Protein chains: 2
Amino acid sequence: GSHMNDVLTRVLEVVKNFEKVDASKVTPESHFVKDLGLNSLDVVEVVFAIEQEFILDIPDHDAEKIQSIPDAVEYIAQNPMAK
Amino acid sequence: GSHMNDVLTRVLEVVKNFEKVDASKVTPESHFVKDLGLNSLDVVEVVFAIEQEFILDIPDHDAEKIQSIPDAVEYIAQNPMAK
């Protein structure tokens with residue numbers, strides 16, 4: 001395996017688990033709005049659940065930039081404080 | 001999940017893949033010699049395969065403590081250079 005895959009695997013299960021998200025539509029490249037059909041309030045929920053997974057309180061300016069699984073994976077995998 | 005579980009998952013599959021190792025005997029608590037029936041030279045091979053998994057040079061002095069799956073998970077999950 002790999003650390004990036006470790007992160008991607010947990011992000012995938014977090015996003016799939018969201019009640020509004022069709023888990024069968026989720027890919028490592030899925031964009032929350034354009035692919036998964038979420039609205040702005042939904043994205044806040046998913047990102048917070050991602051923050052829960054890695055115990056990582058993300059500053060608002062960085063957290064608003066996370067709109068897709070690649071965005072989330074790229075930010076978490078480079079953050080040495082992800083748990 | 002967790003970083004420790006991410007490590008444990010990769011260590012488990014590395015050890016199971018060892019031809020000398022009966023995968024059905026492998027648990028998160030398995031001791032390489034006493035539980036999996038390996039000898040001292042086998043343990044050297046297993047540690048190297050762990051070094052491969054996390055792209056991590058473990059010094060010989062640190063390798064002396066890695067005799068079991070709990071030992072390996074603890075050492076790797078606390079080494080911030082594990083990949």
# chains A, B, ... in the order shown; residues from 1 in each chain; ligands from 1
call {"tool": "interface_residues", "arguments": {"of": "chain B", "to": "chain A", "cutoff": "10 Å", "atoms": "only C-alpha atoms", "output": "PyMOL selection string"}}
result
chain B and resi 1-7+9-11+13-14+53-55+80+82-83
call {"tool": "write_last_selection", "arguments": {"atoms": "N, CA and C atoms", "output": "short mmCIF file (atom, residue, chain, number, x, y, z; two decimals), in the first residue's frame"}}
result
data_model
loop_
_atom_site.label_atom_id
_atom_site.label_comp_id
_atom_site.auth_asym_id
_atom_site.auth_seq_id
_atom_site.Cartn_x
_atom_site.Cartn_y
_atom_site.Cartn_z
N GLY B 1 -11.20 5.10 10.42
CA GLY B 1 -9.95 4.40 10.61
C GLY B 1 -8.95 5.17 11.45
N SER B 2 -7.68 4.82 11.31
CA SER B 2 -6.62 5.49 12.05
C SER B 2 -5.29 5.18 11.38
N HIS B 3 -4.29 6.01 11.69
CA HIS B 3 -2.95 5.79 11.14
C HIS B 3 -2.38 4.46 11.61
N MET B 4 -2.59 4.12 12.89
CA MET B 4 -2.15 2.83 13.40
C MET B 4 -2.83 1.69 12.66
N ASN B 5 -4.13 1.84 12.38
CA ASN B 5 -4.83 0.80 11.63
C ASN B 5 -4.36 0.74 10.18
N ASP B 6 -4.05 1.90 9.59
CA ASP B 6 -3.45 1.91 8.26
C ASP B 6 -2.14 1.14 8.24
N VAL B 7 -1.31 1.34 9.27
CA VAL B 7 -0.06 0.60 9.39
C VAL B 7 -0.34 -0.88 9.63
N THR B 9 -2.84 -2.68 8.87
CA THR B 9 -3.38 -3.34 7.69
C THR B 9 -2.26 -3.73 6.72
N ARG B 10 -1.29 -2.83 6.52
CA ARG B 10 -0.21 -3.12 5.59
C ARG B 10 0.77 -4.13 6.16
N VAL B 11 1.03 -4.07 7.47
CA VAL B 11 1.92 -5.05 8.09
C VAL B 11 1.32 -6.45 8.02
N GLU B 13 -0.76 -7.78 5.79
CA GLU B 13 -0.69 -8.36 4.45
C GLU B 13 0.74 -8.67 4.04
N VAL B 14 1.71 -7.86 4.49
CA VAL B 14 3.11 -8.15 4.21
C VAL B 14 3.51 -9.48 4.85
N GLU B 53 7.66 -2.03 2.49
CA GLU B 53 6.29 -1.53 2.47
C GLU B 53 6.23 -0.04 2.78
N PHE B 54 7.02 0.42 3.75
CA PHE B 54 6.98 1.81 4.19
C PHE B 54 8.17 2.62 3.69
N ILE B 55 8.95 2.08 2.74
CA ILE B 55 10.16 2.70 2.19
C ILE B 55 10.95 3.32 3.34
N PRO B 80 7.80 9.08 11.83
CA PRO B 80 7.16 10.00 10.88
C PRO B 80 7.70 9.92 9.46
N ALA B 82 7.86 6.98 7.77
CA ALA B 82 7.22 5.86 7.08
C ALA B 82 6.36 6.37 5.93
N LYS B 83 6.45 5.70 4.79
CA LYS B 83 5.79 6.17 3.58
C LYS B 83 4.54 5.34 3.27
#
call {"tool": "calpha_fit_rmsd", "arguments": {"fixed": "chain A", "moving": "chain B"}}
result
0.4 Å
call {"tool": "select_by_dssp", "arguments": {"residues": "range 8-71 of chain A", "states": "alpha helix (DSSP H)", "output": "short mmCIF file (atom, residue, chain, number, x, y, z; two decimals) with N, CA, C and O atoms, in the first residue's frame"}}
result
data_model
loop_
_atom_site.label_atom_id
_atom_site.label_comp_id
_atom_site.auth_asym_id
_atom_site.auth_seq_id
_atom_site.Cartn_x
_atom_site.Cartn_y
_atom_site.Cartn_z
N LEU A 8 -6.68 8.19 0.88
CA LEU A 8 -7.76 8.06 -0.10
C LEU A 8 -8.80 7.04 0.34
O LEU A 8 -10.00 7.25 0.15
N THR A 9 -8.36 5.92 0.91
CA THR A 9 -9.29 4.88 1.33
C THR A 9 -10.25 5.39 2.40
O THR A 9 -11.46 5.12 2.34
N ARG A 10 -9.73 6.15 3.37
CA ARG A 10 -10.58 6.65 4.45
C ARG A 10 -11.49 7.78 3.96
O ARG A 10 -12.65 7.86 4.38
N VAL A 11 -10.99 8.63 3.07
CA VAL A 11 -11.82 9.70 2.51
C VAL A 11 -12.97 9.10 1.70
O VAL A 11 -14.10 9.58 1.75
N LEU A 12 -12.68 8.04 0.94
CA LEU A 12 -13.71 7.39 0.14
C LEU A 12 -14.84 6.88 1.03
O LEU A 12 -16.02 7.08 0.72
N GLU A 13 -14.49 6.22 2.13
CA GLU A 13 -15.52 5.68 3.01
C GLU A 13 -16.28 6.78 3.74
O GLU A 13 -17.48 6.64 3.99
N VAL A 14 -15.61 7.89 4.07
CA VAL A 14 -16.30 9.02 4.69
C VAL A 14 -17.34 9.59 3.73
O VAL A 14 -18.50 9.81 4.11
N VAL A 15 -16.95 9.85 2.48
CA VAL A 15 -17.86 10.47 1.52
C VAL A 15 -19.00 9.53 1.17
O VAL A 15 -20.16 9.94 1.09
N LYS A 16 -18.68 8.25 0.93
CA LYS A 16 -19.72 7.27 0.64
C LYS A 16 -20.73 7.19 1.77
O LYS A 16 -21.94 7.08 1.53
N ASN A 17 -20.25 7.24 3.02
CA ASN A 17 -21.12 7.10 4.18
C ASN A 17 -22.14 8.24 4.29
O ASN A 17 -23.19 8.06 4.91
N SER A 40 -24.05 23.51 -1.19
CA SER A 40 -23.03 24.15 -0.36
C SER A 40 -23.08 23.64 1.08
O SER A 40 -22.03 23.37 1.68
N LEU A 41 -24.28 23.52 1.65
CA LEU A 41 -24.39 23.03 3.02
C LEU A 41 -23.97 21.57 3.12
O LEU A 41 -23.44 21.14 4.16
N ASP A 42 -24.21 20.78 2.07
CA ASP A 42 -23.75 19.39 2.06
C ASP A 42 -22.23 19.31 2.10
O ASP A 42 -21.67 18.48 2.83
N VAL A 43 -21.55 20.17 1.33
CA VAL A 43 -20.09 20.13 1.28
C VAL A 43 -19.49 20.44 2.64
O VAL A 43 -18.49 19.84 3.05
N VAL A 44 -20.09 21.39 3.37
CA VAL A 44 -19.64 21.70 4.72
C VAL A 44 -19.73 20.47 5.61
O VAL A 44 -18.83 20.20 6.42
N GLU A 45 -20.81 19.70 5.47
CA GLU A 45 -20.97 18.48 6.26
C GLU A 45 -19.90 17.44 5.93
O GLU A 45 -19.29 16.86 6.84
N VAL A 46 -19.67 17.19 4.64
CA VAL A 46 -18.69 16.17 4.25
C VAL A 46 -17.29 16.56 4.71
O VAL A 46 -16.55 15.74 5.26
N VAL A 47 -16.91 17.83 4.50
CA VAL A 47 -15.58 18.28 4.88
C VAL A 47 -15.39 18.17 6.38
O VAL A 47 -14.31 17.78 6.86
N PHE A 48 -16.42 18.50 7.16
CA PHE A 48 -16.33 18.34 8.61
C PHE A 48 -16.16 16.88 8.99
O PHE A 48 -15.39 16.55 9.90
N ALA A 49 -16.89 15.98 8.32
CA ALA A 49 -16.72 14.55 8.59
C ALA A 49 -15.33 14.07 8.19
O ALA A 49 -14.79 13.15 8.81
N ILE A 50 -14.74 14.68 7.16
CA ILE A 50 -13.36 14.40 6.81
C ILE A 50 -12.43 14.91 7.91
O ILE A 50 -11.46 14.23 8.30
N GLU A 51 -12.70 16.12 8.42
CA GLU A 51 -11.94 16.64 9.55
C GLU A 51 -12.02 15.71 10.75
O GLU A 51 -11.05 15.56 11.49
N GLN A 52 -13.19 15.10 10.96
CA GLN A 52 -13.33 14.13 12.04
C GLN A 52 -12.43 12.93 11.82
O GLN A 52 -11.76 12.47 12.75
N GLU A 53 -12.38 12.41 10.59
CA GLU A 53 -11.65 11.18 10.31
C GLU A 53 -10.17 11.31 10.65
O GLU A 53 -9.58 10.40 11.24
N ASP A 60 -10.51 27.94 7.85
CA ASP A 60 -11.62 28.15 6.92
C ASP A 60 -11.15 28.42 5.49
O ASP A 60 -11.76 27.93 4.54
N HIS A 61 -10.06 29.17 5.32
CA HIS A 61 -9.61 29.47 3.96
C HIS A 61 -9.11 28.22 3.24
O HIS A 61 -9.24 28.13 2.02
N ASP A 62 -8.53 27.27 3.97
CA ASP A 62 -8.16 26.01 3.34
C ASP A 62 -9.35 25.07 3.22
O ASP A 62 -9.48 24.36 2.21
N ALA A 63 -10.25 25.06 4.21
CA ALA A 63 -11.37 24.13 4.18
C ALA A 63 -12.38 24.47 3.09
O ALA A 63 -13.02 23.57 2.54
N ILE A 69 -12.76 14.94 -3.88
CA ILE A 69 -11.90 13.94 -3.25
C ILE A 69 -10.43 14.20 -3.56
O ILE A 69 -9.60 14.09 -2.64
N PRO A 70 -10.03 14.53 -4.79
CA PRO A 70 -8.62 14.92 -5.00
C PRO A 70 -8.19 16.10 -4.14
O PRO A 70 -7.08 16.09 -3.61
N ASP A 71 -9.04 17.12 -3.99
CA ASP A 71 -8.72 18.24 -3.11
C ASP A 71 -8.47 17.76 -1.69
O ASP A 71 -7.49 18.16 -1.05
#
call {"tool": "atom_distance", "arguments": {"atom1": "CA of residue 30 in chain A", "atom2": "CA of residue 66 in chain A"}}
result
11.8 Å
call {"tool": "closest_residue", "arguments": {"among": "A:81, A:72, A:67, A:18", "to": "residue 35 in chain A", "atoms": "only C-alpha atoms"}}
result
A:67
